[PDB]
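Starting off, we have a lone chain in the form deposited without the named molecule, written out as structure tokens.
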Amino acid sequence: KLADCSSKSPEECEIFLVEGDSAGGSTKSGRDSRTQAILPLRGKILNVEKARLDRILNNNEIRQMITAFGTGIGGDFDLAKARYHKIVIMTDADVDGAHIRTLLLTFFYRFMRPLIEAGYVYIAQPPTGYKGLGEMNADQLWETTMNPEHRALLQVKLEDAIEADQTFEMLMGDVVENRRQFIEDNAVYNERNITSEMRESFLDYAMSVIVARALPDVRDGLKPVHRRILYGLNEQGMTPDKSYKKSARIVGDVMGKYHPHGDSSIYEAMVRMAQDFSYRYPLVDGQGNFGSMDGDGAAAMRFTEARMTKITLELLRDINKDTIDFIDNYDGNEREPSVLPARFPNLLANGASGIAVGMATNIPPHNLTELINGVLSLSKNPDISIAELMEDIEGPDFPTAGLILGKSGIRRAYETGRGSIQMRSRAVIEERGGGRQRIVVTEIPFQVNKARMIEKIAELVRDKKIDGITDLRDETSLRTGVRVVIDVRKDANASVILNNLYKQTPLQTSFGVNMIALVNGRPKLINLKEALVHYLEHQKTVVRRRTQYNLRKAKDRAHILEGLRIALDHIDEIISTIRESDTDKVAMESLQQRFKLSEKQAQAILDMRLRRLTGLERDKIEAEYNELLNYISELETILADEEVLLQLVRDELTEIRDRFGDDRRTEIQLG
């Protein structure tokens, strides 16, 4: 744990706080052991502005610091008892390191304010480009960050205690809405004042969580971790027709290439995209144990294999035709997509769920046939209304099936982006023999843990909080599908029992809609229409850019083809012209001038292999050339009449609906 220095003269000593043991090892290896101590922490640290005291005092990482500092806390804070006069925060140089810093200041500020007032609290400034202090060699760390001769600490200054109380309460407090407002007002897409630092550090954290972690893009419906996963699967060509591949490779690969975060965030995001109880349309095809509806985790990543689903191909379809803008990855050594072509409205179809900072999102999945007809109808009428859409899109369609009670929250969510929706299991009452009945549950509400739900029921019977239940079993199986059996006592009204379980168990459960997604890179709450409007315009830009791309590429080809026909019509002079040229450059120049060729045409000829002279290519080329001219007119046509552009989108979407659309699962009963 704590790696203390040897000098017991506090005023000369210093303790450094690092995010964990990985960072601690480099920090132990580079320090001057005489005067520098190290306490590795354990990641995110309790937000003592939110927690109550008993929990605070029983928190190990806190206790370690109090112990380590020796000054006591609060009323008993005794600054003279300090064992170091420099406490240095040295978190990783990332937003998460910045968050932790805010977490640490909050504590010092809430429980050790004089420590700040005496200027005992400093902030190391380690350099960027490292995932964590564990990535630095021990000599670079000491020099950049720990050598007093050159390190650049920032002593924490406390200017206006009134301004600081509000900051910690605003930034780190129970009340989300002031958090959210501070972000909205400040989001923009030697010594240090503790107010600016908290504001500046925490805003970078929040913003990063919002636009690059927890919320999905309206266009493709994806978060970066999923976008990176499927992209990585794409880039490695791991498609449905190819065999499965090991999850660990994938994770390490994506982690090295696109997603610089722990394997668990990567592995578990990939796991969910494969669970058919999680994804209305699974994007990942899984080989092996990928968890269960009882809350069983997936097998460890070394055991499992995965690959793209077929529908995933439509997300990536046309990605290499300049339909979307690529960007550089975290270290610059790679390009990654900012968004996928998403040839189907993935956001609504699979829905979404995220806890951000200052906000959350909660978007239910939907039936794909309805959505496309939804997008189809919108394609034909920009002023279409919400209720006219719910003729196509009757509502959410959970991968778990089950039932929905009434259309009242559906409509409010679609009109406002927020609304509440009751999900009911599918339960029938049936006879079990000898004058007794049983309740049989074959479908459960979305995101509900079956075992947990069974547990609670057992809990009520045992607690006599519910009367009339005799036995309780889970007969679920592969051969059966879900089958949960509740045996009722003879001559009891099974229906009153059922109505109790809905009220008293997750047997009935509510989905709270909170459709926030990223719109032009900014979080926005959207109603159903804006969600569809955005996907549509996305599809418009996609098909357009793709058409503009196929067109550049065809004109290039013909120009090369024009050049090659010439070469063929004068090959003997071509050859000798070449034979008598010392350098390519000489030849390049000579070809251009004699035959009015461009460089490409001229290059393409030089690269032409002898085998291309066979007697028949000249028409093969001629043949190819002519179709090319028909293709170009065809393309030029689409880019010159937006209505033509639109109908093609309709066609390709229609094509999608026929292939992948399916029946509704969730029954919507009028409440």
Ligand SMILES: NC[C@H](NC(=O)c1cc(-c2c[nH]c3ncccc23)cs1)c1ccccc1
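The numbering used is simple: start at 1 and walk along the sequence shown. The term rigid core refers to the most C-alpha atoms you can superpose between the two forms while keeping them within 1.5 Å.
What comes next is about the form solved in complex with the named molecule, which does not appear here.
None of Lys524, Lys310, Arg199, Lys245 but one reaches within 4.5 angstroms of the named molecule in the entry with it bound through a heavy atom, and that residue is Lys524.
Think of it this way: in the entry with it bound, the named molecule has a heavy atom of just one of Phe326, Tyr502, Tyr330, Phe595 within 4.5 Å, and the residue is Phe595. Looking at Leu478, you'd find every heavy atom of it more than 4.5 angstroms from the named molecule in the entry with it bound.
Among residues of the shown chain, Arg565 is one whose heavy atoms approach the named molecule to within 4.5 Å in the entry with it bound. Although the partner is absent from this view, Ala342 stays clear of the named molecule in the entry with it bound, with no non-hydrogen atom inside 4.5 angstroms. Proximity of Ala187 to the named molecule in the entry with it bound falls within the 4.5 Å heavy atom cutoff. Checking 206-214, 581-589, 156-164, 466-474 against the named molecule in the entry with it bound, the stretch whose residues place heavy atoms within 4.5 Å of it is 206-214.
In a rigid core superposition between this form and the one not shown, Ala587 is the single residue of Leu501, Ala587, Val375, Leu518 whose Cα is displaced by 2 Å or more.
Comparing the forms between this form and the one not shown on their rigid core, the Cα displacement of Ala640 stays under 2 Å. After superposing the rigid core, the C-alpha of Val533 moves by less than 2 Å between this form and the one not shown.
Once both forms are fitted on their rigid core, the CA atom of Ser576 lies 2 Å or more apart between this form and the one not shown.
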